[PDB]
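Working notes, beginning with the structure itself.
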Amino acid sequence: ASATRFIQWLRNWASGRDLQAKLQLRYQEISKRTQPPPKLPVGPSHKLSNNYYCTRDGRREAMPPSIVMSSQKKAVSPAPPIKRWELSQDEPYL
Amino acid sequence: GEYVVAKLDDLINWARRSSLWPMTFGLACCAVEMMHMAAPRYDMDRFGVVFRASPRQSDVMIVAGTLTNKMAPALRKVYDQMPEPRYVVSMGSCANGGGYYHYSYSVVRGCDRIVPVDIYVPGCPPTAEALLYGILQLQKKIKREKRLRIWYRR
Amino acid sequence: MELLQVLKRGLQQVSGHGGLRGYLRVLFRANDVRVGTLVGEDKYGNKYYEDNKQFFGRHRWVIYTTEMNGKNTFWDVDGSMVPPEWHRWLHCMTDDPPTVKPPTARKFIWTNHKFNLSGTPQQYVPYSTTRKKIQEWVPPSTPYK
Amino acid sequence: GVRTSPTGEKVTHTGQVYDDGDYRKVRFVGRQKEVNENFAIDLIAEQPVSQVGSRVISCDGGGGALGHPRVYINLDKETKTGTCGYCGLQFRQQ
Amino acid sequence: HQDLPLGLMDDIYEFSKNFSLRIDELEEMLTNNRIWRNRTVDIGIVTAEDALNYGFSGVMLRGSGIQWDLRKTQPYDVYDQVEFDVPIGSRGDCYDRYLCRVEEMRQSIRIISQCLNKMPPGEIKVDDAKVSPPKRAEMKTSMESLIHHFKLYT
Amino acid sequence: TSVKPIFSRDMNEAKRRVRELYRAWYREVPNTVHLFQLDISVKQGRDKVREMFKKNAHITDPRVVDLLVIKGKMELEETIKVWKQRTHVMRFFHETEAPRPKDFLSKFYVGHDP
Amino acid sequence: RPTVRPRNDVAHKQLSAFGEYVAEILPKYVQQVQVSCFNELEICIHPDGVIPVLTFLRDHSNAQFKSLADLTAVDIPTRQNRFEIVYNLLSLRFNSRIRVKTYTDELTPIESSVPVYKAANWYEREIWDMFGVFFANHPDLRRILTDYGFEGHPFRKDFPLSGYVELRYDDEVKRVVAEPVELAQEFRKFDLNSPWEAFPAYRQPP
Amino acid sequence: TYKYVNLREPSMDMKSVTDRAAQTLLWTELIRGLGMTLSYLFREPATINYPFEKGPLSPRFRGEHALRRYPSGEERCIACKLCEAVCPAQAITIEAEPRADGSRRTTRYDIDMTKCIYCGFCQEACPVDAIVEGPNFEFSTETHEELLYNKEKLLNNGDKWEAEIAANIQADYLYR
Amino acid sequence: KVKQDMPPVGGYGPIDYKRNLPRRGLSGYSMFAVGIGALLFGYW
Amino acid sequence: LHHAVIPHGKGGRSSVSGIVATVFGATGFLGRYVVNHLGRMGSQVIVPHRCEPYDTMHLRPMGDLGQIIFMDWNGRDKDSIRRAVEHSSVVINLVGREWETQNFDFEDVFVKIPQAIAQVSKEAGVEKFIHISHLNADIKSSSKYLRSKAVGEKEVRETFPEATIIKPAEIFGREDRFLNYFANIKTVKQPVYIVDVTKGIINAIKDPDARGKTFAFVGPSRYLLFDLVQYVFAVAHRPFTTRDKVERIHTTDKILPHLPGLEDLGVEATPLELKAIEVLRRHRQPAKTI
Ligand SMILES: CCCCCCCCCCCCCCCCCC(=O)OC[C@H](COP(=O)(O)OCCN)OC(=O)CCCCCCCCCCCCCCCCC
Ligand SMILES: NC(=O)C1=CN([C@@H]2O[C@H](COP(=O)(O)OP(=O)(O)OC[C@H]3O[C@@H](n4cnc5c(N)ncnc54)[C@H](OP(=O)(O)O)[C@@H]3O)[C@@H](O)[C@H]2O)C=CC1
Ligand code: SF4
Ligand code: SF4
Ligand code: SF4
Ligand SMILES: [Zn+2]
């Protein structure tokens, strides 16, 4: 941000861009290095009632695998066939 | 006599520490922070430390990462081909003493089992700035050398 | 012309460092002849400067003292010479210097900062801090086989 | 509370010192034995006993969430003071 | 582990605002350079069928025209809530894979922009102290929180 | 007792592969000593080859013998192709290992190990 | 429920149906089929079925598992066949994943799947190196990760963590040498398991 | 959604063909590359003047370890060994006994700084803010042994750096 | 009140990402005309 | 035994051999092998050095962490000697020089310095003392080097009567000034291998019968110097230096049948034929033995 106007013009012309609008060095636009203290929120289990752990216990809802066949009609695929991707409307071609 | 030997020592020390050409053994992640030390923010070249030197033109080996048993012979071979004076900088926990992999069956527990080490840079990885501090510490070690004074007193 | 204003900016740095000798002193000690605002000085002689028109990272710097703890540091400066209260400011861990936000005082905090002591007689040497675990039986001091 | 053994080696706050015949003290020759001189047992003893009006007091070590887990100390015994198991501060019911 | 510090998102926005120009400068050096194209065009051609059988993934697949990206087909976290395009090569060579990576950087900035705008409030780890340790203030006040902290860290 | 074989269907078939491996190793030692510039003699190298083969002479399972041959051929390939370095070849000789005590009294004096 | 991973019954049903489908078509080899509560389909097969089963899943029009995501082994010493060989496959056509598992011991070869997936080449070398499972008809089976001349298969549960030998440079012989491992600080074994059952749903019958 | 990086057809009219001929013979795109590096020559460099200038860090930075005290001077550590248990590198070794006044305190507290991965788990695990990773990163040594910290070294670090350590904890403890 | 890092009310401004390689220079015809013109003057 | 020096381990790098050795002259040809063997089994080695620390770097990998300790010392400064030995259980003197310098003559290196080390070690209470002399040490020698060895050998015996004195022939090895000396170019020689000498020194520390004795370390074969030099040239594939050194090289190796040798320490002498290639390979029909 200290370059003379002539040097600013010279490097803008050489690069073909307006470099001064997007300098790769940081100045005053960066956030202060001292901030006010946070006050973070608490999660959904932070309740004084209607909050028994056995109703929100993910680990204990896990089950052993379902055995569908053990060595002790239409054809199917493992899932429906994948749908064709659509060409980008933002910019289909580079 | 004393004055000439001292001044000559200062001269050769200044030349050697002002022109430290490293061979970097970029073994693992510590090699990334070494690249950042060469990158513009720190620009190790501005200290006379060229970016990449050939092993036969090198004055300091930087061991930047985990030294495995499979790799250990090759690292020693490069060290032995270095022309003197030669120094070794151990970078990061892995090279310092095995680090996170200290108890592995395949890892050398510190590169100082293979080569003599001049400077140990701690961290996993050390920051590029920490490594630069270490390189400057090596420069100060070289500034303390008194090879000619000891030669004169033999 | 602009090149004229640049040249006078260079000259001002000579007088900004108290003449030619001070200008050359900072040029050879620190390879930098910028003039900044003096933020403060610590008990060891290090001086701290700021210039917020410089890009982030160059806006704060320290000119190390020429002598610390009995060591000549005119040429041999070290990053570990910055005491902790200024360490936070110089690394942009905070915005305000210890001259404006002094640290909390404790009786056990070192009054005298020490730089890296590796390679000196003051270097740290590790040792086991625990006492002997097994006590050997000591035979009697009189003959009696 | 640092004291030196007959051979001159400083004794640590854990009581460690190499005895007269131990070779291992050769490691300090030309260097130094690092010893911290602020013995915590001595420093905590200097703290005055705190006089309180209740049978039970609580201590979190000071600084709220910057201290230690909050514990409650019973002060019924009159022979001795109540001591915090985390920080060593002492309390007495007046 | 921790929530973002105040002010971080602003600085990420400042960085993202300028980054595409930096990609442009990189592209001005390489994309149309005839020497760069000589080194990468028609180099290491891999067919779509060979890429799949050899277990390739990522740009090694898409460079050869395969329309596959796990963020799109098997999404995780909130990738289903952000918009972006998958770059696809046509020749399956080094030059196309270089172009895909450069374009992927641009789409990363596109995703980053949406993340900054759509960042919601709330907690940053699961509110289940049998899995995620409690907040330090709770660990120092509540018996259950201290027990769970003790056990999760041992 | 009915198992899938590796290469050999019986010990006679397996013992053929052992002999073929032994010949390959026997003829490779002279080139190994030269290529790796080893300081051991060719006789030492062959004496080492024979010692390695002899400690496995008690095997009577053809599948185990097959794996030993499989592993022995990998070791030979590493050597002939100079994938090994000098350190790897000389590791067979334990030059820096001091001789451990074998008799009861010697073991008793130095430590607790059996 | 904010903290609980949601179920996906539609995918569970689809994967279960395809699992029966595979079991009906290759009864010669399929021993067990199961779908996990997080919807991952596993086919357990006799080791003879490796090539037929993988070929079917790669080539059949209702499978098209064209990509071998991973191939690995697991060591379970308590089993007569201690090594479990795991193939993880991906079908881009049907946007689906399947896992095929077989077993082997220390002396029984497994047929190399390189003919089906060229990707298997290095994965099988890694399994041989780390576990000692021999793959038959591999184009080039040899160690891939361990040092040259390394003895043993480190990923077996009974191979010690720090191994048996360690390396250092020896000045007398002017080379790196290998010697029995001595550790200045032994690795400290921790006994962490709680003596209280955590998951009743997985309780084994007594 | 997808896009093609490299699927375009060059225009085969005479003007376009002659444009590509001019680029081939007059090296136009190569000259355009020279303009970029020329424009960087006249940009201010990004280099900082280390060690007189330092890279910015934050209060969360994980550097050299230290053992902290209460304001009275009593040690915070009560030898619970949670840090030792969580340490992913097993870099911590602790022994403890009752102190002469009955306090639960350590007789050994070692960190092998060459095993440590500087992960910060120890300071997360600690219930009394005793062990912390401080802000110092400029502590390289000339020998391996100097990086094997015992309790005296770590207490000395705490006394040396407590002024900065406390302020950094003050800035970040509400995120913890 | 809860205070955590959030985007500004209304969100941040637009962020560019698309390739931007601006067209510069003359046409092939004009470039060749300048080059041949220089040669003719040099020859003369 | 003090508890710190009770042996533990399996004789490896991390073991505790129970030896605390101060090795003077550890930065030379012989010292690097002696330090290596001491550090192999986990001994504490104190290395007093006169040279730059850069010149001691090759000794650092020779021991586990903390097992090699370096100290500054001066041959003429008895305080520096006392600092180095006062914690040791054995002192090994390998100080020597094949020439004389402006500051040190053979009398300094081989008489005054060994006597000073032996005397301070005796004062400090060191239990063991190993002094290297020479097979051909002789008051009636043309070599001032060998004359000084005889005078110094006598002084050490008087000062430290329990000293173990070792008298090696010329030592061949990778860094020797013997085979290398010929390759860089009437008398019978019995050269001994460097590793044999090192093993003898290490075993003299352990063997309690070695105290007070004088040993002669010689190789298994005697050669004519002409036969040796011819063999050296053949092994080096080559077409077949002070004046004091010449006298030494031309001194017939003494035959001292009354002194114990390597076999009395459990060491088998290595033939020159086995190890000659090792020394001479870098300069690129066995010699007739008596
Ligand atoms: C009226 C009658 C008139 C009669 C006379 C008419 C003659 C004039 C009209 C014709 C103009 C002739 C131009 C001659 C220049 C040489 C052109 C040339 O050779 O370029 C082709 C070469 C290869 O091109 P490429 O894309 O790789 O593939 C083509 C073949 N497959 O591409 C290259 O050479 C690339 C060069 C690679 C080196 C890169 C580094 C250089 C870049 C900076 C160059 C700066 C310019 C030099 C100026 C020097 C100043 C002293
Ligand atoms: N090598 C042989 O053929 C034989 C040798 N010996 C004896 O064995 C011993 C060692 O042999 P070698 O290892 O070849 O000797 P070297 O010359 O190879 O090394 C000699 C050692 O003595 C030190 N030293 C020499 N002069 C001084 C001094 N003035 N003050 C302090 N230290 C000094 C050197 O240190 P620096 O590097 O600092 O000078 C070096 O470490 C010597 O006593 C030698 O005479 C006996 C018979 C045969
Ligand atoms: S020390 Fe840390 S960063 Fe460096 S190589 Fe090892 S694990 Fe990677
Ligand atoms: S930072 Fe991590 S690796 Fe280092 S001591 Fe703490 S828990 Fe262990
Ligand atoms: S530092 Fe903290 S976690 Fe570690 S033992 Fe001490 S009190 Fe426990
Ligand atoms: Zn308390």
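Convention: chains lettered A, B, ... in structure tokens order; per-chain residue numbering from 1; ligands numbered from 1 as shown.
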
(message) Please check the contacts: residues of chain J at most 7 Å away from chain D, using only C-alpha atoms, listed as a list in words.
(response)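 Putting it all together, I get residues 2, 4, 87 and 88 of chain J.
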
Please write the residues from the selection above to a file, keeping N, CA, C and O atoms, as an mmCIF file, in the first residue's frame.
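In the end it all went to part.cif:
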data_model
loop_
_atom_site.group_PDB
_atom_site.id
_atom_site.type_symbol
_atom_site.label_atom_id
_atom_site.label_comp_id
_atom_site.auth_asym_id
_atom_site.auth_seq_id
_atom_site.Cartn_x
_atom_site.Cartn_y
_atom_site.Cartn_z
ATOM 1 N N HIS J 2 28.721 -49.578 45.031
ATOM 2 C CA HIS J 2 27.658 -48.590 45.125
ATOM 3 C C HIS J 2 26.508 -49.006 44.218
ATOM 4 O O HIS J 2 26.721 -49.546 43.130
ATOM 5 N N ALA J 4 24.508 -47.606 42.274
ATOM 6 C CA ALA J 4 24.396 -47.048 40.931
ATOM 7 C C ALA J 4 25.212 -47.819 39.903
ATOM 8 O O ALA J 4 24.910 -47.732 38.711
ATOM 9 N N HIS J 87 35.277 -39.018 39.598
ATOM 10 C CA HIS J 87 34.062 -39.814 39.678
ATOM 11 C C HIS J 87 34.198 -41.182 39.028
ATOM 12 O O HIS J 87 33.248 -41.966 39.073
ATOM 13 N N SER J 88 35.348 -41.501 38.450
ATOM 14 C CA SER J 88 35.506 -42.707 37.654
ATOM 15 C C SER J 88 36.015 -43.870 38.497
ATOM 16 O O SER J 88 36.656 -43.690 39.531
#

(request) Dump as JSON, numbers by chain the residues of chain D that approach chain C to within 7 Å, counting only C-alpha atoms. (result) {"D": [14, 16, 28, 30, 31, 32, 33, 34, 38]}

Create the file for the chosen residues now, containing N, CA, C and O atoms and written as a PDB file, in the first residue's frame.
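Result written to again.pdb:
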ATOM      1  N   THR D  14      11.863 -32.361  46.385  1.00  0.00           N
ATOM      2  CA  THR D  14      11.499 -33.756  46.583  1.00  0.00           C
ATOM      3  C   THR D  14      12.516 -34.505  47.430  1.00  0.00           C
ATOM      4  O   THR D  14      12.389 -35.720  47.597  1.00  0.00           O
ATOM      5  N   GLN D  16      15.647 -35.020  46.690  1.00  0.00           N
ATOM      6  CA  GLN D  16      16.665 -35.701  45.905  1.00  0.00           C
ATOM      7  C   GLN D  16      18.026 -35.044  46.083  1.00  0.00           C
ATOM      8  O   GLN D  16      18.152 -33.819  46.078  1.00  0.00           O
ATOM      9  N   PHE D  28      26.899 -33.004  36.375  1.00  0.00           N
ATOM     10  CA  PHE D  28      26.857 -31.584  36.687  1.00  0.00           C
ATOM     11  C   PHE D  28      28.217 -30.909  36.587  1.00  0.00           C
ATOM     12  O   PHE D  28      28.285 -29.682  36.683  1.00  0.00           O
ATOM     13  N   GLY D  30      31.062 -28.944  35.285  1.00  0.00           N
ATOM     14  CA  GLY D  30      31.101 -27.992  34.202  1.00  0.00           C
ATOM     15  C   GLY D  30      29.748 -27.464  33.788  1.00  0.00           C
ATOM     16  O   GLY D  30      29.674 -26.653  32.859  1.00  0.00           O
ATOM     17  N   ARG D  31      28.679 -27.896  34.448  1.00  0.00           N
ATOM     18  CA  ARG D  31      27.335 -27.433  34.147  1.00  0.00           C
ATOM     19  C   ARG D  31      26.644 -27.120  35.468  1.00  0.00           C
ATOM     20  O   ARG D  31      27.273 -26.546  36.357  1.00  0.00           O
ATOM     21  N   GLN D  32      25.374 -27.472  35.632  1.00  0.00           N
ATOM     22  CA  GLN D  32      24.695 -27.114  36.868  1.00  0.00           C
ATOM     23  C   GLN D  32      23.524 -28.051  37.109  1.00  0.00           C
ATOM     24  O   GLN D  32      22.969 -28.639  36.181  1.00  0.00           O
ATOM     25  N   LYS D  33      23.157 -28.176  38.380  1.00  0.00           N
ATOM     26  CA  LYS D  33      21.966 -28.909  38.785  1.00  0.00           C
ATOM     27  C   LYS D  33      20.801 -27.930  38.831  1.00  0.00           C
ATOM     28  O   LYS D  33      20.778 -27.019  39.663  1.00  0.00           O
ATOM     29  N   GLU D  34      19.840 -28.111  37.935  1.00  0.00           N
ATOM     30  CA  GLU D  34      18.664 -27.254  37.909  1.00  0.00           C
ATOM     31  C   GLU D  34      17.777 -27.564  39.108  1.00  0.00           C
ATOM     32  O   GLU D  34      17.302 -28.692  39.260  1.00  0.00           O
ATOM     33  N   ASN D  38      11.503 -22.091  44.689  1.00  0.00           N
ATOM     34  CA  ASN D  38      10.235 -21.702  45.302  1.00  0.00           C
ATOM     35  C   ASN D  38       9.533 -22.967  45.781  1.00  0.00           C
ATOM     36  O   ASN D  38       8.669 -23.522  45.108  1.00  0.00           O
TER      37      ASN D  38
END

(message) Distance limit 12 Å, atoms considered: only C-alpha atoms. Which chain J residues sit that close to chain H? Return them as a ChimeraX atom specification.
(response) /J:53,57,60-61,64-70

(request) Would you give me, as a PyMOL selection string, the residues of chain B that come within 9 Å of chain H, using only C-alpha atoms? (result) chain B and resi 39-43+92-103+110+112+117-127+129-134+137-138+141

(request) When you get a sec, could you note down which chain B residues fall within 10 Å of chain F, using only C-alpha atoms, as an NGL selection string? (result) :B and (70 or 73-74)

(message) I'd like the interatomic distance between atom CA of residue 139 of chain E and atom CA of residue 64 of chain D, to a tenth of an Å.
(response)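 Distance between the two atoms: 12.1 Å.
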
(message) Could you go through chain C and tell me which residues DSSP, when run on the backbone, assigns to strand (DSSP E), listing them as an MDAnalysis selection string?
(response) chainID C and resid 37:41 47:50 60:63 67:68 71:72

(request) With a distance threshold of 12 Å and counting only C-alpha atoms, extract the residues of chain A near chain C and express them as an MDAnalysis selection string. (result) chainID A and resid 1:8 23:36

(request) Using only C-alpha atoms and all ligand atoms, find each protein or nucleic acid residue lying at most 6 Å from ligand 2; present the set as a list in words. (result)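 After applying the 6 Å limit, what remains is residues 25, 26, 27, 28, 29, 30, 31, 49, 50, 51, 75, 94, 95, 96, 97, 104, 109, 132, 133, 134, 168, 169, 170 and 171 of chain J.
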
(message) Can you work out which residues are within 10 Å of ligand 5, considering only C-alpha atoms and all ligand atoms, and then hand them over as a ChimeraX atom specification?
(response) /D:68,86 /E:150,153 /H:66-68,75-87,92-96,104-106,109,121-132

Counting only C-alpha atoms, collect the residues of chain G whose closest atom lies at most 7 Å from chain A, and write them out as a PDB file with N, CA, C and O atoms, in the first residue's frame.
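out.pdb was written with the following content:
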ATOM      1  N   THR G   3     -28.740 -35.719  19.397  1.00  0.00           N
ATOM      2  CA  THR G   3     -27.459 -36.390  19.574  1.00  0.00           C
ATOM      3  C   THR G   3     -27.421 -37.804  19.009  1.00  0.00           C
ATOM      4  O   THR G   3     -26.343 -38.399  18.975  1.00  0.00           O
ATOM      5  N   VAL G   4     -28.541 -38.349  18.550  1.00  0.00           N
ATOM      6  CA  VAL G   4     -28.607 -39.733  18.095  1.00  0.00           C
ATOM      7  C   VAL G   4     -28.530 -39.764  16.575  1.00  0.00           C
ATOM      8  O   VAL G   4     -29.241 -39.021  15.892  1.00  0.00           O
ATOM      9  N   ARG G   5     -27.665 -40.615  16.054  1.00  0.00           N
ATOM     10  CA  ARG G   5     -27.577 -40.805  14.615  1.00  0.00           C
ATOM     11  C   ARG G   5     -28.892 -41.380  14.092  1.00  0.00           C
ATOM     12  O   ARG G   5     -29.358 -42.404  14.605  1.00  0.00           O
ATOM     13  N   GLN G  14     -33.057 -52.215   1.294  1.00  0.00           N
ATOM     14  CA  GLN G  14     -32.445 -52.464  -0.006  1.00  0.00           C
ATOM     15  C   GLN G  14     -31.231 -53.374   0.126  1.00  0.00           C
ATOM     16  O   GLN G  14     -31.070 -54.331  -0.638  1.00  0.00           O
ATOM     17  N   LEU G  15     -30.358 -53.082   1.089  1.00  0.00           N
ATOM     18  CA  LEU G  15     -29.142 -53.870   1.243  1.00  0.00           C
ATOM     19  C   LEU G  15     -29.461 -55.295   1.671  1.00  0.00           C
ATOM     20  O   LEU G  15     -28.813 -56.242   1.217  1.00  0.00           O
ATOM     21  N   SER G  16     -30.454 -55.467   2.543  1.00  0.00           N
ATOM     22  CA  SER G  16     -30.860 -56.808   2.948  1.00  0.00           C
ATOM     23  C   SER G  16     -31.356 -57.612   1.756  1.00  0.00           C
ATOM     24  O   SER G  16     -30.991 -58.781   1.593  1.00  0.00           O
ATOM     25  N   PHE G  18     -30.611 -57.213  -1.438  1.00  0.00           N
ATOM     26  CA  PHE G  18     -29.483 -57.569  -2.287  1.00  0.00           C
ATOM     27  C   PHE G  18     -28.614 -58.638  -1.643  1.00  0.00           C
ATOM     28  O   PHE G  18     -28.025 -59.461  -2.349  1.00  0.00           O
ATOM     29  N   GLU G  20     -29.668 -61.190   0.211  1.00  0.00           N
ATOM     30  CA  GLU G  20     -30.315 -62.453  -0.127  1.00  0.00           C
ATOM     31  C   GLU G  20     -30.122 -62.783  -1.599  1.00  0.00           C
ATOM     32  O   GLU G  20     -29.918 -63.944  -1.964  1.00  0.00           O
ATOM     33  N   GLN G  31     -21.531 -68.216   3.052  1.00  0.00           N
ATOM     34  CA  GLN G  31     -21.778 -68.826   4.351  1.00  0.00           C
ATOM     35  C   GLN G  31     -22.632 -67.968   5.269  1.00  0.00           C
ATOM     36  O   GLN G  31     -23.386 -68.512   6.075  1.00  0.00           O
ATOM     37  N   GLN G  32     -22.525 -66.645   5.181  1.00  0.00           N
ATOM     38  CA  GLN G  32     -23.282 -65.760   6.050  1.00  0.00           C
ATOM     39  C   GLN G  32     -23.466 -64.422   5.358  1.00  0.00           C
ATOM     40  O   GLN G  32     -22.579 -63.964   4.637  1.00  0.00           O
ATOM     41  N   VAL G  33     -24.618 -63.804   5.583  1.00  0.00           N
ATOM     42  CA  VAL G  33     -24.922 -62.479   5.058  1.00  0.00           C
ATOM     43  C   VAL G  33     -25.545 -61.664   6.177  1.00  0.00           C
ATOM     44  O   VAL G  33     -26.469 -62.132   6.848  1.00  0.00           O
ATOM     45  N   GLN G  34     -25.048 -60.448   6.379  1.00  0.00           N
ATOM     46  CA  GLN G  34     -25.539 -59.602   7.454  1.00  0.00           C
ATOM     47  C   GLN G  34     -25.474 -58.145   7.031  1.00  0.00           C
ATOM     48  O   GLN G  34     -24.629 -57.756   6.224  1.00  0.00           O
ATOM     49  N   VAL G  35     -26.382 -57.350   7.584  1.00  0.00           N
ATOM     50  CA  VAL G  35     -26.422 -55.907   7.385  1.00  0.00           C
ATOM     51  C   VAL G  35     -26.358 -55.248   8.754  1.00  0.00           C
ATOM     52  O   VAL G  35     -27.128 -55.599   9.652  1.00  0.00           O
ATOM     53  N   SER G  36     -25.442 -54.299   8.911  1.00  0.00           N
ATOM     54  CA  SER G  36     -25.244 -53.656  10.197  1.00  0.00           C
ATOM     55  C   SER G  36     -26.308 -52.585  10.433  1.00  0.00           C
ATOM     56  O   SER G  36     -27.021 -52.164   9.522  1.00  0.00           O
ATOM     57  N   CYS G  37     -26.410 -52.152  11.690  1.00  0.00           N
ATOM     58  CA  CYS G  37     -27.387 -51.137  12.064  1.00  0.00           C
ATOM     59  C   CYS G  37     -27.074 -49.776  11.455  1.00  0.00           C
ATOM     60  O   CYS G  37     -27.956 -48.916  11.418  1.00  0.00           O
ATOM     61  N   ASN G  62     -26.594 -56.322 -12.141  1.00  0.00           N
ATOM     62  CA  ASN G  62     -27.252 -55.790 -10.958  1.00  0.00           C
ATOM     63  C   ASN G  62     -26.286 -55.551  -9.806  1.00  0.00           C
ATOM     64  O   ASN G  62     -26.728 -55.243  -8.699  1.00  0.00           O
ATOM     65  N   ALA G  63     -24.981 -55.677 -10.048  1.00  0.00           N
ATOM     66  CA  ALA G  63     -23.970 -55.407  -9.031  1.00  0.00           C
ATOM     67  C   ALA G  63     -23.019 -54.316  -9.506  1.00  0.00           C
ATOM     68  O   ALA G  63     -23.073 -53.200  -8.990  1.00  0.00           O
ATOM     69  N   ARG G  93     -22.343 -47.416 -10.398  1.00  0.00           N
ATOM     70  CA  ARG G  93     -23.642 -47.504 -11.054  1.00  0.00           C
ATOM     71  C   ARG G  93     -24.773 -47.359 -10.047  1.00  0.00           C
ATOM     72  O   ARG G  93     -25.675 -46.535 -10.222  1.00  0.00           O
ATOM     73  N   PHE G  94     -24.739 -48.150  -8.984  1.00  0.00           N
ATOM     74  CA  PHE G  94     -25.796 -48.165  -7.987  1.00  0.00           C
ATOM     75  C   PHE G  94     -25.415 -47.418  -6.720  1.00  0.00           C
ATOM     76  O   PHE G  94     -26.112 -47.540  -5.712  1.00  0.00           O
ATOM     77  N   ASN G  95     -24.330 -46.647  -6.751  1.00  0.00           N
ATOM     78  CA  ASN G  95     -23.949 -45.783  -5.638  1.00  0.00           C
ATOM     79  C   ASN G  95     -23.983 -46.551  -4.319  1.00  0.00           C
ATOM     80  O   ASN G  95     -24.616 -46.138  -3.349  1.00  0.00           O
ATOM     81  N   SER G  96     -23.303 -47.693  -4.292  1.00  0.00           N
ATOM     82  CA  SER G  96     -23.423 -48.627  -3.185  1.00  0.00           C
ATOM     83  C   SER G  96     -22.068 -49.230  -2.858  1.00  0.00           C
ATOM     84  O   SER G  96     -21.161 -49.267  -3.688  1.00  0.00           O
ATOM     85  N   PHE G 199     -22.566 -52.467  27.041  1.00  0.00           N
ATOM     86  CA  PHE G 199     -23.549 -52.616  25.968  1.00  0.00           C
ATOM     87  C   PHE G 199     -24.315 -53.921  26.131  1.00  0.00           C
ATOM     88  O   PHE G 199     -23.877 -54.973  25.650  1.00  0.00           O
ATOM     89  N   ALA G 201     -26.884 -54.976  24.587  1.00  0.00           N
ATOM     90  CA  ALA G 201     -27.357 -55.528  23.325  1.00  0.00           C
ATOM     91  C   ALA G 201     -26.391 -56.539  22.731  1.00  0.00           C
ATOM     92  O   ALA G 201     -26.813 -57.387  21.943  1.00  0.00           O
ATOM     93  N   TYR G 202     -25.111 -56.472  23.086  1.00  0.00           N
ATOM     94  CA  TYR G 202     -24.104 -57.375  22.550  1.00  0.00           C
ATOM     95  C   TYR G 202     -23.684 -58.446  23.544  1.00  0.00           C
ATOM     96  O   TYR G 202     -22.701 -59.148  23.298  1.00  0.00           O
TER      97      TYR G 202
END

(message) as a PyMOL selection string, please: the residues near segment 48-63 of chain F (cut-off 9 Å, only C-alpha atoms, same-chain neighbours under 6 positions excluded).
(response) (chain F and resi 4-15+18+22+25-26+29+92-93) or (chain G and resi 107-108)
